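For reference, the structure is listed below as structure tokens.
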Amino acid sequence: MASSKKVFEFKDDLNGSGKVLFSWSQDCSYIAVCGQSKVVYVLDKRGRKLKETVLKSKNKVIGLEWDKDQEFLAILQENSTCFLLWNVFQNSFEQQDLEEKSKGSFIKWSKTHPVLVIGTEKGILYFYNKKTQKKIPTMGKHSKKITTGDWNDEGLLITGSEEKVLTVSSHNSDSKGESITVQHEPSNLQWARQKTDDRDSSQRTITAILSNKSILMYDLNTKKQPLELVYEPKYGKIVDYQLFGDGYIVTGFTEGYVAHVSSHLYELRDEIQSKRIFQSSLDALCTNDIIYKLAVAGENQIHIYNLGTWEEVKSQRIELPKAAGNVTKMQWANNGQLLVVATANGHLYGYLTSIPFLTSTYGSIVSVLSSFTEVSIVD
């Protein structure tokens, strides 16, 4: 039994007390971290400083995302007039100016394509191609400030402003569908593969947070209207929702209330199950499929849970000090190799969970990596 080892601790002296953004490398080999202290630095899995860089402005970084090639990081600060592309291994700077002296509000790479989408308060949306470093502008897609947005695995942009609309964009900046009109504000855009009997479903389902109270569903197979999964008043205000499996949603609320619903459309109307986790407050919650683990942070304490049987895994419990406060971001890697915890106080924590050991066998002899500093041969 290997409990979650505390690999390293980092504080706000190099990040700054605020909303700390940590971004994973595409190969889970580099962890870039930046908070409010205008310093962006990358650490390894064991907690060694690799590359550090300084930003000219002191505004809070609202966007910090790697590229597909693990070469460039795009950074946009709070109401910044421009944005910065930083080459980590070259430690090089390039600055791209926002048109019309616009204040930046949203930037995002594509997790599958080297394309960077940028949007400001005026609703002007620019698509940036890195291979040619060219700009494609789009007018009037949003009549107000852009609030949420992201890129699909297939290369599809989703964007949502404060006027309660959703828009879809393609590689050639062609809109894929008209504006999506729903009762209230959509936020926290994410992609889901709905539970379809046929296993030929693409990654296109749009799952969002509706006005910090409900869940928004959108599908494209038969042009069904976006459905609003509402929650009982006992739930309160939503804190986070997470996708696990092939379309299964686990959502947590303010009073330690959790709800698991299968993304099956016939079963979406009624919650599949609901439970109570905490009785004082809740900070964060996320699920991982490769390691198949649920981590729930609250009261400066992180608990581990199963997803199928929902058994409370108390063995892998880890405790945080009172200085951590309310956790604001908490996430595994792409493969779940390491777990990173960041709060609004600038505290950074790293935990080792899985490290699946390699194993090769000769005749009747096998091997186990065990600790990374040695290898145990097994008879």
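Chain identifiers are assigned as A, B, and so on, following the order in which chains appear in the structure tokens; residues are numbered from 1 within each chain, and ligands are numbered from 1 in order of appearance.
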
Could you give me, as JSON lines, a per-residue list for stretch 330-355 of chain A showing, wherever an atom lies at most 12 Å from an atom of stretch 303-319 of chain A, the closest pair of atoms and their distance in Å to one decimal, using only C-alpha atoms and sorting by chain then residue number from low to high?
{"residue": "A:339", "atom": "CA", "partner": "A:318", "partner_atom": "CA", "distance": 11.7}
{"residue": "A:341", "atom": "CA", "partner": "A:318", "partner_atom": "CA", "distance": 11.7}
{"residue": "A:349", "atom": "CA", "partner": "A:319", "partner_atom": "CA", "distance": 11.0}
{"residue": "A:350", "atom": "CA", "partner": "A:318", "partner_atom": "CA", "distance": 11.0}
{"residue": "A:351", "atom": "CA", "partner": "A:318", "partner_atom": "CA", "distance": 8.9}
{"residue": "A:352", "atom": "CA", "partner": "A:316", "partner_atom": "CA", "distance": 10.7}
{"residue": "A:353", "atom": "CA", "partner": "A:316", "partner_atom": "CA", "distance": 8.6}
{"residue": "A:354", "atom": "CA", "partner": "A:316", "partner_atom": "CA", "distance": 11.2}

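By chain and then residue number, the residues within 7 Å of stretch 193-210 of chain A are residues 153, 184, 185, 186, 187, 188, 189, 190, 213, 214, 215, 216, 217, 218, 219, 246, 247, 263 and 264 of chain A, counting only C-alpha atoms and disregarding those fewer than 3 positions away in sequence.
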
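Picture a line from atom CA of residue A:169 to atom CA of residue A:265; it runs 25.0 Å.
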
field: Within 10 Å of residue A:39 using only C-alpha atoms, minus same-chain residues under 6 positions, as a ChimeraX atom specification
entry: /A:13-16,33,52-56,58

Can you spit out the residues from that selection as a compact mmCIF listing (two decimals), in the first residue's frame, using C-alpha atoms?
# COMPACT_ATOMS: atom_id res chain seq x y z
CA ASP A 13 6.73 33.68 -2.59
CA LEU A 14 7.28 32.78 -6.26
CA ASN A 15 3.61 32.48 -7.36
CA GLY A 16 1.70 35.14 -5.43
CA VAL A 33 2.93 27.19 -12.65
CA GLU A 52 11.70 30.45 -14.92
CA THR A 53 10.46 33.58 -16.67
CA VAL A 54 9.19 37.03 -15.70
CA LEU A 55 6.24 38.96 -17.13
CA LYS A 56 6.28 42.71 -17.65
CA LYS A 58 1.47 42.53 -12.71

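Distances from A:259, A:320, A:297, A:340 to residue A:44 were compared using only C-alpha atoms, and the smallest one belongs to A:340.
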
message: I'd like the contact shell of residue A:59 - 10 Å cut-off, only C-alpha atoms, skipping same-chain residues fewer than 5 positions apart - returned as a PyMOL selection string.
response: chain A and resi 35-38+76-80

message: Show me, as a VMD selection string, the residues that have an atom within 8 Å of residue A:281 when counting only C-alpha atoms, minus same-chain residues fewer than 3 positions from it.
response: chain A and resid 254 to 256 278 298 to 299

Convert the current residue selection to file output with C-alpha atoms, as a tab-separated table (two decimals), in the first residue's frame.
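Saved the output as again-v7.tsv:
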chain	number	residue	atom	x	y	z
A	254	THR	CA	-21.43	23.77	-1.62
A	255	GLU	CA	-22.77	21.61	1.25
A	256	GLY	CA	-20.78	18.48	0.41
A	278	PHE	CA	-19.04	16.82	3.79
A	298	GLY	CA	-12.63	20.30	1.53
A	299	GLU	CA	-11.93	21.55	5.07

message: If we count only C-alpha atoms and set the cut-off at 7 Å, which residues sit around stretch 127-135 of chain A, ignoring sequence neighbours fewer than 6 positions away in its own chain? Please answer as a list in words.
response: residues 114, 115, 116, 117 and 118 of chain A

task: Would you mind writing down, as a PyMOL selection string, each residue of stretch 203-365 of chain A that DSSP on the backbone assigns to alpha helix (DSSP H)?
output: chain A and resi 265-268

Selection from above, N, CA, C and O atoms, as an mmCIF file, in the first residue's frame, can you write it?
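And here is the file that came out, again.cif:
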data_model
loop_
_atom_site.group_PDB
_atom_site.id
_atom_site.type_symbol
_atom_site.label_atom_id
_atom_site.label_comp_id
_atom_site.auth_asym_id
_atom_site.auth_seq_id
_atom_site.Cartn_x
_atom_site.Cartn_y
_atom_site.Cartn_z
ATOM 1 N N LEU A 265 -29.338 9.799 -22.332
ATOM 2 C CA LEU A 265 -30.354 10.836 -22.477
ATOM 3 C C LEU A 265 -31.670 10.420 -21.833
ATOM 4 O O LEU A 265 -32.360 11.245 -21.222
ATOM 5 N N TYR A 266 -32.039 9.143 -21.965
ATOM 6 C CA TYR A 266 -33.263 8.659 -21.338
ATOM 7 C C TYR A 266 -33.186 8.744 -19.818
ATOM 8 O O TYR A 266 -34.209 8.955 -19.156
ATOM 9 N N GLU A 267 -31.992 8.588 -19.251
ATOM 10 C CA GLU A 267 -31.793 8.639 -17.809
ATOM 11 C C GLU A 267 -31.301 9.994 -17.317
ATOM 12 O O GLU A 267 -31.005 10.132 -16.127
ATOM 13 N N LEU A 268 -31.203 10.994 -18.197
ATOM 14 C CA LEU A 268 -30.687 12.294 -17.777
ATOM 15 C C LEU A 268 -31.714 13.068 -16.958
ATOM 16 O O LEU A 268 -31.344 13.890 -16.110
#

field: Which of stretch 40-114 of chain A fall in strand (DSSP E), as a VMD selection string
entry: chain A and resid 40 to 43 49 to 54 61 to 66 72 to 77 82 to 87 92 to 97 104 to 109
